[PDB]
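Chemist: I have a structure here, written as structure tokens, and I will follow up with some questions on it.
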Amino acid sequence: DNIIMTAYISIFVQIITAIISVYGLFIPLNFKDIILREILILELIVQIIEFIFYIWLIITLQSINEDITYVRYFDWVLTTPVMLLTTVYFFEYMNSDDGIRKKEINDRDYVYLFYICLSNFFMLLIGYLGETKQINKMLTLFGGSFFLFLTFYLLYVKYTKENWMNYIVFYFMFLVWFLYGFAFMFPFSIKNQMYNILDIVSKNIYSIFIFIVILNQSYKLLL
Numbered sequence: 002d003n004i005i006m007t008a009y010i011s012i013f014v015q016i017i018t019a020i021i022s023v024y025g026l027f028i029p030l031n032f033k034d035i036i037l038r039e040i041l042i043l044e045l046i047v048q049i050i051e052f053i054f055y056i057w058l059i060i061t062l063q064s065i066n067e068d069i070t071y072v073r074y075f076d077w078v079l080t081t082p083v084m085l086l087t088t089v090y091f092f093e094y095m096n097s098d099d100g101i102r103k104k105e106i107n108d109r110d111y112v113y114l115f116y117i118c119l120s121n122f123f124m125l126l127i128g129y130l131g132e133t134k135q136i137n138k139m140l141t142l143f144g145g146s147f148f149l150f151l152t153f154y155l156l157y158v159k160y161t162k163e164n165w166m167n168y169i170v171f172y173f174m175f176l177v178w179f180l181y182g183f184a185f186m187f188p189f190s191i192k193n194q195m196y197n198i199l200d201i202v203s204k205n206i207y208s209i210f211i212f213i214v215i216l217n218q219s220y221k222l223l224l
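See below:
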């Protein structure tokens with residue numbers, strides 16, 4: 002019953018986060034802060050895919066007859082590249098001397114951003130092969146972890162600066178994504194409970210963070 006309970010907890014946070022995010026879109030922004038709204042729009046698009054998966058899950062769990070963990074990959078293969086792009090946009094926001102927008106970043110860096118998303122795709126493909134038992138768990142863990150490390154290395158060396166604001170955002174995200182790999186080791190129920198709660202942290206906490214940064218930047222404009 003704890004897969005269902007953790008799914009409901011995840012859905013609860015998704016709904017409240019979506020409401021917060023929509024109000025966030027309409028907060029007026031100073032010039033330098035425009036990219037924060039570009040990030041929040043993409044986080045809301047991630048939420049649409051996440052929500053469709055979670056409604057599918059709670060309906061499916063009524064009559065589970067097979068191990069449905071692999072179905073998460075149809076969400077992740079869409080959401081995780083968008084989340085890596087929004088992370089790049091947020092690092093560029095933090096670290097850039099004057100105003101920066103996603104078009105400037107995309108137009109400049111599309112090849113490198115492709116590399117990041119291709120590394121991430123290989124991580125997911127290896128996970129999917131392990132989840133569907135087309136390769137053994139040990140090969141899945143080692144190959145998946147290799148591409149997780151490559152993704153986060155490529156992100157670090159291009160987009161971070163050496164300060165504690167950067168270390169918090171980078172290492173929080175790295176640890177949370179690593180813990181999806183940790184979950185892979187566990188039996189059906191425990192693994193799926195872990196994913197249900199991890200999604201709150203990887204997706205919804207990120208949205209709430211961006212909302213609070215917008216509110217902080219814009220508070221004086223609002224009042």
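Under the deposited numbering, think of the first position of the sequence shown as 2, with each following residue one higher.
Ideal Cβ placement from N, Cα and C applies to all residues, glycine included.
(1) Does the region 91-98 touch the region 60-76, meaning 3 or more C-beta pairs lie closer than 8 Å?
(2) Assign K192 to one of two classes, buried (16 or more other C-beta atoms within 10 Å of its C-beta) or exposed (fewer than that).
(3) So the alpha helix (DSSP H) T141 belongs to, where does it begin and stop?
(4) Indicate whether the contact test is met: 3 or more Cβ pairs, each with one atom in the region 44-55 and one in the region 97-108, closer than 8 Å.
(5) Take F153 and list the residues in its own chain whose beta-carbon comes closer than 7 Å to its own, dropping the five residues that flank it on each side.
(6) Output yes or no for whether 8 Å exceeds the beta carbon distance between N107 and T81.
(7) Pick helix, strand or coil for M174, following the three-state DSSP scheme.
(8) Whole angstroms are fine: how far does the CA of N66 sit from the CA of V170?
(9) Pick from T70, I40 and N31: whose alpha carbon is nearest that of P188?
(10) How long is the line joining the alpha carbons of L155 and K104, rounded to whole angstroms?
(11) Taking C-beta to C-beta, are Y172 and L199 nearer than 8 Å?
Modeler: Taking the coordinates as given:
(1) No, they do not touch.
(2) Buried: at least 16 other Cβ atoms inside 10 Å.
(3) Note, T141: alpha helix (DSSP H), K138 to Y160.
(4) Flag = no, the region 44-55 and the region 97-108 do not touch.
(5) Counting only Cβ-Cβ distances below 7 Å, and skipping sequence neighbours, we find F175.
(6) No.
(7) Helix, per DSSP.
(8) The straight-line gap from Cα to Cα measures roughly 40 Å.
(9) Nearest C-alpha to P188: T70.
(10) For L155 and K104, the distance between alpha carbons rounds to 20 Å.
(11) In this structure, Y172 sits away from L199, with a CB-CB distance that is not shorter than 8 Å.
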